[PDB]
Amino acid sequence: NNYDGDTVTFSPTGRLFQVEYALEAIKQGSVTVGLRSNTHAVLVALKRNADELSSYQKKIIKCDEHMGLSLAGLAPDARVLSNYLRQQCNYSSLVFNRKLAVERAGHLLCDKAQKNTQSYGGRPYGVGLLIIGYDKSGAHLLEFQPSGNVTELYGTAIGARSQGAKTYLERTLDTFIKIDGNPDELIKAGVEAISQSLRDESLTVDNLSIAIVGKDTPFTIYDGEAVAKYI
Amino acid sequence: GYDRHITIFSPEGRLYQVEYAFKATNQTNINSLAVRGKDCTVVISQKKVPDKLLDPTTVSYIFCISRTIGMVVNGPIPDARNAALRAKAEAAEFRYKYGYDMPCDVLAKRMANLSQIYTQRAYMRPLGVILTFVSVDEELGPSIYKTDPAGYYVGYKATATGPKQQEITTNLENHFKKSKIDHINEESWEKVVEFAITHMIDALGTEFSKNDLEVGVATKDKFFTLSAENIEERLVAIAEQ
Amino acid sequence: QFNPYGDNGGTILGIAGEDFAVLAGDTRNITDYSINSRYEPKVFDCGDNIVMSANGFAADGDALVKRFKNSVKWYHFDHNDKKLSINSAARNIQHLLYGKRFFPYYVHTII
Amino acid sequence: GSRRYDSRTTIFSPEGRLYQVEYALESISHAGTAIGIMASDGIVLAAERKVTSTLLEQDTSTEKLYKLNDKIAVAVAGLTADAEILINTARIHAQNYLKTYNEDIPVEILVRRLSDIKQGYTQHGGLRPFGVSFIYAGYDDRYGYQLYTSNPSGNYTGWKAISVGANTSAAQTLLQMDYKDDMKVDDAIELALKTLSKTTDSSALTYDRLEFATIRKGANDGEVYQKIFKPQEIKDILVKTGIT
Amino acid sequence: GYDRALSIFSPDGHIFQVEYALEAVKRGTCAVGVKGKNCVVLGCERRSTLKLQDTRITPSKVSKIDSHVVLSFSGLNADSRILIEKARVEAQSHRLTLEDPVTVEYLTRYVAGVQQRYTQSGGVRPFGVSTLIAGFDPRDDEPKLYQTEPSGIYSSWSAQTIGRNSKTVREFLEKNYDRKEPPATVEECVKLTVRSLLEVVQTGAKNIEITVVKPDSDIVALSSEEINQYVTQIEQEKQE
Amino acid sequence: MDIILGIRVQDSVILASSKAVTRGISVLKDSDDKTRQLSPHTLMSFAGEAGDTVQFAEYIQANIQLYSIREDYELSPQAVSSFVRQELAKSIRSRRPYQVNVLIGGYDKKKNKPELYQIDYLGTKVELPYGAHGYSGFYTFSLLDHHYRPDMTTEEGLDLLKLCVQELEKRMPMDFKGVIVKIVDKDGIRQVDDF
Amino acid sequence: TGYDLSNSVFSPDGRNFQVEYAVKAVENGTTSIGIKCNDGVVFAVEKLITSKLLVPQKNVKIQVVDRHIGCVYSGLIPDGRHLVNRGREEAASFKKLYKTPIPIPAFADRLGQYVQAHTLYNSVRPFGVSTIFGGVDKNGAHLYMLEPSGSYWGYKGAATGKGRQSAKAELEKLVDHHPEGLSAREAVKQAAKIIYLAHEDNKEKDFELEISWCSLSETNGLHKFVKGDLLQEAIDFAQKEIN
Amino acid sequence: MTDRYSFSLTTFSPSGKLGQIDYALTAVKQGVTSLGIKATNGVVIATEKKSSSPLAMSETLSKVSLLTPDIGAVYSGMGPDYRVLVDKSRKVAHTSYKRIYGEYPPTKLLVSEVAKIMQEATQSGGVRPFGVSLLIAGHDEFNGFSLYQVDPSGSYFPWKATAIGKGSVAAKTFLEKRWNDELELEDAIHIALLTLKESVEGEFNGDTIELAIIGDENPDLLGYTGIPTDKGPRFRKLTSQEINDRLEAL
Amino acid sequence: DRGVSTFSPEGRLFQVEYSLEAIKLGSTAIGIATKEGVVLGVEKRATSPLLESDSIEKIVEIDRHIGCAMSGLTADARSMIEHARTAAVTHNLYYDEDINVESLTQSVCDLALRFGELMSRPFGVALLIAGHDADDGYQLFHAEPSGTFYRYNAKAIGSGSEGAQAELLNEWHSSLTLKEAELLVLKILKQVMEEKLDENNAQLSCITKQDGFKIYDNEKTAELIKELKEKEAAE
Ligand SMILES: [Cl-]
Ligand SMILES: [Mg+2]
Ligand SMILES: [Mg+2]
């Protein structure tokens with residue numbers, strides 16, 4: 001109200017409204033789903049188009065051979081944060097000959113987003129990210145919020161109508177975690193999860209985007225007729 | 001009405017942020033007192049540990065700035081430690097540059113000038129503290145110099161700071177009206193501390209245990225704070241006469 | 001006085017065929033009259049069907065190859081996984097080398 | 001943050017005016033009247049000190065008329081302190097030009113430089129403008145005798161006779177009435193003092209309430225002399241012209 | 001440094017500071033530009049509220065950027081000097097590096113670029129100035145006349161006016177200027193320019209300035225008497 | 001480059017400058033004009049290290065042309081020479097100084113007098129009736145000391161200049177491929193196309 | 001009014017309302033505690049299980065500074081991380097210059113001055129965390145608690161977050177019933193109990209217990225996480241006490 | 001952090017008033033009365049030592065300060081602002097003059113330098129004006145004895161005699177009647193003490209009054225002998241005893 | 001007042017949303033992508049008949065294989081074009097090849113959100129970037145001041161955008177010829193324009209693999225306008 005003019009101002013109840021408004025931009029964004037087993041981690045994203053002549057906005061970005069994320073909200077902010085991850089993944093490889101741990105990647109994103117919430121002039125990031133990866137401690141899935149809060153999960157969903165997919169995963173938890181050594185079945189569970197968040201529209205060939213990383217599987221994105229198999 | 005938010009003049013020629021910083025000074029609800037002996041300068045302050053979970057040894061508003069200079073603060077502890085750290089750095093730098101120990105009054109002036117800057121420059125707020133510096137200066141002898149958020153400073157024969165400063169001030173005023181000297185005519189610092197505590201008891205009208213007080217003593221070439229047992233010995237002597 | 005350069009010896013050879021190419025190089029690494037290693041790989045696969053070798057001062061040689069491999073990686077990120085053509089790689093390497101025109105990579109590079 | 005307290009000194013009004021420049025001009029309108037009159041054989045600078053006191057040391061005082069170099073002088077109207085900042089800058093520019101080209105700075109070049117500095121404070125920096133209007137009286141071998149004026153906007157214009165400060169509307173009408181092109185310095189001296197005597201808010205115009213100066217080729221042969229009038233000399237010229 | 005964003009968008013998609021800069025131009029004295037077949041003429045209004053002025057030394061409204069290009073303006077006088085200075089520096093910088101003087105279009109594009117930069121830079125306000133830039137490209141006999149404005153947009157004109165009561169003189173020019181046959185001679189072009197100013201000026205005495213620019217760096221400013229002859233001839237034909 | 005001469009006569013200044021441009025072993029050009037017009041009545045010839053010479057001359061030229069436009073007024077030769085001297089005096093204590101020597105020949109339209117200024121790379125200015133840079137003076141000054149008069153005509157100045165060039169062509173080891181001669185007077189600057 | 005809109009502005013009371021609003025964010029956060037024992041310190045924190053999808057034992061909240069200091073906080077988690085990052089820089093530069101690892105009181109002031117610095121200007125926001133931290137140095141064990149204002153004191157027991165009143169009451173009992181002191185292994189058990197008792201203020205969702213400790217005898221003065229059997233032993237003890 | 005107040009806090013209001021300067025002058029008006037009187041062979045500056053507490057040692061607080069050996073200053077308004085100005089004034093006398101010309105600046109030029117500092121606080125970013133009016137008395141070889149007033153705006157005026165602060169209006173009227181161009185230093189000191197008594201409520205003695213003079217050279221205060229041209233400072237602060245002696249002949 | 005980079009309660013940047021309103025006031029620009037080439041066309045919209053319309057440059061070359069059309073505050077586009085041209089040329093210098101149309105568009109869009117308290121405000125202009133590369137063939141992109149770019153088969157921006165886009169919705173198919181596209185742009189421009197469409201107040205351009213980017217002559221466009229009139233009168 002009087003305490004939402006900038007990010008540097010707490011409200012009387014101890015709230016940061018600019019951060020909460022940035023959080024709101026994510027809810028407006030298109031739905032995306034993340035889930036993993038012990039061998040593989042999968043991203044499933046519902047791409048959004050402007051109209052029938054337009055293309056479908058890309059939702060998934062590769063950060064390294066063993067890591068990548070899906071976005072929901074301001075796409076340019078996701079480009080900035082993904083670019084930062086690419087550099088940090090790369091610094092780790094060049095300097096230490098070491099693949100960046102997914103947990104440490106989350107810590108770096110948290111701290112980058114935080115600096116934007118405490119200083120005058122700047123603004124919070126207006127995007128939510130779902131990072132998947134496979135490192136020395138197996139498969140991982142993270143959920144980034146632009147407040148700074150990063151959370152390691154078995155599965156999750158962000159964006160508009162994401163609550164439906166998040167409930168489905170919460171039921172299926174005991175099943176999909178056990179899908180080891182079977183990428184196609186793990187993706188099926190993710191495609192079935194994101195289907196719970198759909199209304200009116202359904203999953204078409206240029207609408208659906210899927211990514212996967214695993215034990216002997218580099219981070220690879222599937223678009224177009226490559227995902228027709230899963231429709 | 002933004003002339004009350006930053007340090008700029010109001011229509012009355014007043015700086016309200018400076019005045020409100022003076023009010024923050026009494027937020028701790030602690031009263032301090034400083035007096036001078038022949039060979040020493042004594043400073044006493046009330047110690048209040050309200051929470052039982054607190055480590056009482058870490059609860060202090062008296063600081064050892066240099067070997068010679070001591071400082072007691074009236075105000076919130078964050079601003080107190082801000083001032084303490086700076087005064088320490090300033091005292092150390094002075095010695096390095098000019099080859100002799102920083103005098104008490106010079107440090108007070110330096111800290112007062114820093115305080116003045118916060119009253120003129122808008123981006124910096126005043127510190128909500130009153131800094132009382134004490135030493136036995138090698139040129140001037142026993143010294144009490146006090147700084148406030150306005151950037152004002154002055155030397156003192158004796159002084160008092162806190163919510164009940166006026167009661168302590170008048171009590172001290174009356175004593176020096178009788179004795180007609182600028183100090184406590186006493187050889188040992190032990191007895192000057194006993195005088196300080198006694199006259200605070202009379203002024204405030206409250207009795208003190210060993211854990212209700214905090215004492216700092218400045219002598220030639222060193223300043224030091226008294227332990228709870230050193231204060232207890234002091235309280236015993238007061239009660240026995 | 002500190003001499004930032006050194007000579008690690010070695011010899012490399014590139015021959016272009018009609019529908020193939022070879023890049024060869026000995027595996028000996030030396031300083032002065034001593035052998036450091038009898039097997040120290042000098043020719044590297046840099047991805048996108050390109051092979052590279054920077055012969056001469058091994059530290060500068062390893063630095064350059066490392067930076068080029070990195071350039072290939074960022075070319076994929078920035079330009080939608082497009083394949084780096086051998087001619088584009090060559091021009092890119094020119095800029096890596098000339099970037100240090102006044103403190104050169106003391107190597108003779110072949111891709 | 002800090003934005004809350006920013007007055008924004010360098011912005012346009014909806015009408016396309018610079019608020020601060022307009023308000024600075026309002027300030028200058030309350031300042032003591034300064035008059036410049038250019039003649040064929042010299043220039044006159046006359047200015048009124050603001051409500052003085054009997055205890056003010058007049059002979060060592062300077063609030064209106066300042067010397068920039070041997071050929072150029074200025075009359076000030078507005079904040080004296082602000083004017084002195086600009087005056088020292090102008091003195092340096094003249095000396096820089098002299099060092100570079102080994103020739104005294106042409107009057108307009110100096111005026112433009114100062115006027116550009118004023119302009120800068122209205123377009124960038126976020127600072128308040130200089131609350132000063134100058135009358136420049138000077139001479140060079142290109143254009144001869146010249147009168148200019150600059151104001152807080154940084155706009156400057158050339159004049160035959162001009163006033164700044166208080167009652168400029170009344171003063172400019174009186175000058176426009178009695179000024180002629182073939183006029184001489186001694187006549188201009190009389191016009192300047194007569195104009196001030198009528199426009200003044202004081203009861204009577206006296207020597208202790210005036211600063212006076214003349215730039216003359218009335219120097220021995222082809223050269224120019226600046227004359228900042230002393231209190232006794234201002235008293236004499238007031239009797240000569242028949243005002244006191 | 002002072003970084004405050006003074007030029008910003010409003011809910012209706014307007015940058016008010018740029019629009020208020022145009023209001024300053026509306027207040028400025030009228031300026032007019034007319035290009036003939038082998039010349040361009042820049043006319044300028046001088047408000048007669050200021051007499052006792054020294055016209056020898058008073059800044060002239062038309063300014064030479066190079067020996068072949070000129071610039072007039074309407075709006076804030078102090079602001080115009082900053083644009084003129086920058087333009088003059090760039091004109092010499094172009095000669096130094098390209099070994100050829102600036103084209104009229106290039107010089108216009110530069111000045112317009114400076115004006116634009118001041119509409120999305122922190123801590124600065126836009127220029128309260130619109131310009132008319134005219135001249136002839138090197139080794140070219142085709143006349144050139146361009147206009148700029150605070151927003152930074154620029155364009156070429158067969159004839160154009162800016163400043164106060166510019167709406168009226170633009171009305172005049174739109175009915176009197178024929179594209180198929182522009183003013184064939186210098187006389188005809190100057191006459192049409194003076195005529196257009198006489199719709200607005202008041203008195204045709206010292207209130208009208210005229211500058212004629214011809215090919216191959218041939219620029220001359222007309223005197224009071226020369227202009228007064230045009231003023232006389234125009235009204236004598238009008239009495240009919 | 002090599003030889004640059006200057007002579008101030010009654011009503012004009014004459015500048016002679018060699019045409020050769022040598023790069024170590026070979027003479028790359030034999031028609032090089034080692035001069036720039038700073039303003040309509042001011043000419044500057046130059047000689048020194050390669051690159052620096054032309055870079056400096058054109059830099060000065062630009063600055064004077066900028067001044068001419070801004071003020072709508074031509075600077076006096078004295079004023080131009082002082083500006084040039086300051087630039088060289090600034091240059092000599094720089095990271096990499098301009099290694100350029102110049103002669104500034106100009107006609108002052110105010111005083112109606114020709115003026116010749118000699119300025120070396122250090123910023124050492126002198127006004128002279130006749131001047132030279134490098135080894136040129138060693139051969140020519142003895143002839144100029146003898147024959148020069150302040151009331152000489154432009155034609156007499158050229159004849160004295162021919163005698164100087166002839167002595168240079170006889171006793172100098174280097175072939176400087178003749179000289180381009182230019183005259184600076186009240187009417188401006190012109191080149192003597194036959195010399 | 002308007003005194004609460006900008007940081008570093010004194011109200012007519014002499015208060016900085018923005019710092020007081022930061023405290024509200026701290027009070028909104030989960031419960032964290034600290035217990036000073038005989039030869040060390042024990043830290044414990046309440047981790048709210050928002051969903052079944054949270055991977056157990058992965059979202060670690062307690063952080064280590066240097067090798068001997070433990071830090072835990074309640075409120076805005078990113079603000080806490082930022083403060084710990086600074087603490088690690090401070091401890092690194094101290095050890096670089098002075099060789100010895102940073103003493104706990106020295107370390108406490110480094111954080112204190114940094115947090116206090118964020119109450120001096122309107123261009124920055126105060127920290128939305130109360131940090132409980134400590135460890136073992138040359139002079140023995142130390143426990144501290146640092147507020148948004150920059151205020152910090154030494155503690156026998158410390159507690160912050162939504163269940164701080166409940167926790168504080170429990171800590172006060174321990175201080176009274178153990179004047180001679182508490183052992184490290186005792187403190188771990190008691191820490192588990194107190195978090196479980198303090199969970200009544202956050203009783204809607206279930207939670208995960210996380211404990212760490214520094215002890216001269218049990219961990220050689222180094223900070224370590226309580227894992228496996230020792231953690232389960234403490235959970236069992238805690239679950240026994242609530243029933 | 002960073003000082004993000006890069007904009008003026010003093011600005012022209014619609015009426016043409018610079019509000020912060022006016023308010024600074026209001027702060028000066030509330031301040032304790034100080035005055036200055038120029039004689040033929042000296043200058044005197046004087047003020048009341050308004051002690052905040054009787055426990056405070058008012059000797060440690062110096063309202064009258066030496067700027068150079070031949071220049072002294074006194075103020076009315078905010079004491080802390082005065083203290084930093086004296087520090088800056090002393091330093092600028094060296095950096096911008098003595099280290100260049102090998103001699104101390106003349107009164108008018110040092111006044112000019114102080115005025116410049118005060119003007120800049122009236123225009124620069126993120127600062128308020130100084131809340132003091134200074135009275136600077138001094139002597140130099142070519143200008144002789146002089147007395148200047150400096151205001152928060154940075155404006156300065158030379159005076160024969162004047163007063164600033166609390167009772168300045170009444171004091172200036174008193175000085176106008178008494179002053180003439182034939183006063184000796186002792187006569188000016190006498191008038192100063194008379195004038196200053198009117199504005200003082202309580203005690204009036206050498207311990208509650210601060211008074212200094214710019215007069216004859218004091219070779220006894222130089223600190224060394226052997227250089228004929230160096231004859232000692234013209235600034236001298238009168239002692240508590242010296243003031244009381246003249247209060248008997250009052 | 002309020003921050004320049006402030007979020008609204010709905011989760012949108014105020015300044016970006018306001019710049020979009022300025023683009024709605026701008027003159028119409030239309031792009032149509034086919035397998036024979038991409039066509040770009042604009043409304044010139046001269047404010048007066050004395051304004052020489054050929055000096056209105058709202059269609060611009062970025063490289064030989066990339067063209068660009070603009071709508072909104074067209075002065076803001078100059079620095080965007082300068083950056084685009086530099087990026088295109090710079091990439092050719094580093095890699096000895098043509099730069100991808102998407103990569104060029106991405107480079108331009110990176111400037112968009114570089115505003116705060118960098119430049120003081122977002123750009124007040126939208127761009128239609130059309131080009132060709134070997135990898136993805138003929139492409140048309142819509143670059144906004146939000147930093148977001150969408151690829152389009154056909155797109156209209158400016159004051160008559162939503163009316164034109166609805167028309168492009170019906171008319172476009174994957175087998176359009178270049179000649180069909182040219183007439184289609186001219187048809188839709190004529191529909192949404194205030195003044196009557198001719199060769200002086202409207203401009204055409206195209207990009208083909210063979211000839212590269214070309215702005216159409218007024219004589220060439222005039223023939224296409226005459227060809228349009230006849231084919232509309234034909235039924
Ligand atoms: Cl200081
Ligand atoms: Mg402040
Ligand atoms: Mg020489």
# chains A, B, ... in the order shown; residues from 1 in each chain; ligands from 1
call {"tool": "residues_around", "arguments": {"residues": "residue B:83", "least_positions_apart": "6", "cutoff": "9 Å", "atoms": "only C-alpha atoms", "output": "MDAnalysis selection string"}}
result
chainID B and resid 73 111 127 129 131
call {"tool": "select_by_dssp", "arguments": {"residues": "stretch 1-93 of chain D", "states": "helix (DSSP H, G or I)", "output": "ChimeraX atom specification"}}
result
/D:2-5,19-28,80-93
call {"tool": "closest_residue", "arguments": {"among": "B:149, B:75, B:70, B:141", "to": "ligand 2", "atoms": "only C-alpha atoms and all ligand atoms"}}
result
B:149
call {"tool": "closest_atom_pairs", "arguments": {"of": "chain A", "to": "chain H", "cutoff": "12 Å", "atoms": "only C-alpha atoms", "output": "tab-separated table"}}
result
residue	atom	partner	partner_atom	distance
A:118	CA	H:1	CA	11.0
A:119	CA	H:1	CA	8.5
A:120	CA	H:1	CA	8.9
A:121	CA	H:4	CA	10.2
call {"tool": "residues_near_ligand", "arguments": {"ligand": "ligand 3", "cutoff": "10 Å", "atoms": "only C-alpha atoms and all ligand atoms", "output": "PyMOL selection string"}}
result
chain F and resi 101-103+117-127+131-134
call {"tool": "write_last_selection", "arguments": {"atoms": "C-alpha atoms", "output": "mmCIF file, in the first residue's frame"}}
result
data_model
loop_
_atom_site.group_PDB
_atom_site.id
_atom_site.type_symbol
_atom_site.label_atom_id
_atom_site.label_comp_id
_atom_site.auth_asym_id
_atom_site.auth_seq_id
_atom_site.Cartn_x
_atom_site.Cartn_y
_atom_site.Cartn_z
ATOM 1 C CA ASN F 101 59.025 20.573 -36.106
ATOM 2 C CA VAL F 102 56.958 23.297 -37.800
ATOM 3 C CA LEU F 103 57.122 26.664 -39.538
ATOM 4 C CA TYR F 117 57.216 31.631 -36.702
ATOM 5 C CA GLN F 118 59.661 28.754 -36.149
ATOM 6 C CA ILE F 119 58.587 26.131 -33.578
ATOM 7 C CA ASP F 120 60.476 22.897 -32.815
ATOM 8 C CA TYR F 121 59.113 19.697 -31.212
ATOM 9 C CA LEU F 122 60.013 20.886 -27.678
ATOM 10 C CA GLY F 123 57.710 23.906 -28.089
ATOM 11 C CA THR F 124 60.507 26.429 -28.675
ATOM 12 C CA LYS F 125 58.917 29.377 -30.512
ATOM 13 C CA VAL F 126 60.758 32.226 -32.237
ATOM 14 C CA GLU F 127 59.537 34.931 -34.645
ATOM 15 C CA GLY F 131 63.910 30.209 -40.630
ATOM 16 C CA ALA F 132 64.624 26.518 -41.088
ATOM 17 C CA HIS F 133 64.521 23.177 -39.268
ATOM 18 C CA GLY F 134 67.051 20.339 -39.140
#
